[PDB]
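Below: one protein chain in two forms, given as structure tokens, structure 1 then structure 2.
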Structure 1
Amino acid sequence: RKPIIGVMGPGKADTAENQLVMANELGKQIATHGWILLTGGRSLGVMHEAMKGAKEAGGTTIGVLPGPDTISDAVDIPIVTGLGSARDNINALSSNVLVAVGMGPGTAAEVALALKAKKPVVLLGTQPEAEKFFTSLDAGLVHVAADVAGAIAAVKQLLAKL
């Protein structure tokens, strides 16, 4: 069974370009390590980039969508859930590790839900407020990474322990 790595980030308009770069590179390295990328299939911000990156590097991608899937070609496997744009809905109970790249309400909710699920989360491109808050929720499950390499190292290690 290939490890499944989750990526979550804000959608287009509330995303710094450094985060799209970080997302795509992470994408790359997720695929490069032989891991499946699981992310939203909605083809906009951080997630689309991760998917482009994973797919470019030969990786298998999974794109979660809610409804009538009109979905980047970076997606290999669309999981259409039927639920809302409330999330974010919530299959990163499927990932071995979750990586957040940036932050916003949707991402915060999925990070919390993964902590609640006792899954480890790597926080990349988030701000002090987020890092501290999430580390306060579960210091044992939250890993702050300075950059993509750091994020990928955190993941590799968490996988080695499993």
Structure 2
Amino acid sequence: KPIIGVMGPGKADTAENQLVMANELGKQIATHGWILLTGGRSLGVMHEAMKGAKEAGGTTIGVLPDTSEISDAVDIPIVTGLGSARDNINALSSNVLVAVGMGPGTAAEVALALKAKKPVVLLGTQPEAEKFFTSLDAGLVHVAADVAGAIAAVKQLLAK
């Protein structure tokens, strides 16, 4: 059962178009028979992908700093306690990683995945980010224009 990780900025930092892409990304992850792994508290991109995944009957793993609540969009809550430190659990536990948008948090998570030699697809990050991460590891970086392209890169990659 493949595991696809979604990173992306939080609620305040995610633009409306990026939110829409994130939901659609989560749906398509679910319809291709994959598990979604993302951050279980963050309310921008990561939440939208989880809702997307859930709305289309997919399994979601949320990674979390118990404490209250959760979200009902999370199926398997994995609580680390690690506060501001590295749940590079995403990076390491995923088959493929997709970033929707960009910010300091997300840049950090993408660079760890590359360091760990795992492929990353970059959706809706700007040219600045696309060129830098490609400059880090051109064999591991895939830029996608929209969700369907991102999902195609994810399919091509899992065959390998």
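The term rigid core refers to the most C-alpha atoms you can superpose between the two forms while keeping them within 1.5 Å. The first residue in the sequence of structure 1 is number 1, and each one after it adds one.
With the core held fixed between structure 1 and structure 2, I77 has its Cα displaced by under 2 Å.
The two forms line up on their rigid core, and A86 then has its Cα shifted by 3.8 Å between structure 1 and structure 2. In the core-aligned comparison between structure 1 and structure 2, the Cα atom of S43 sits 4.7 Å away from its counterpart.
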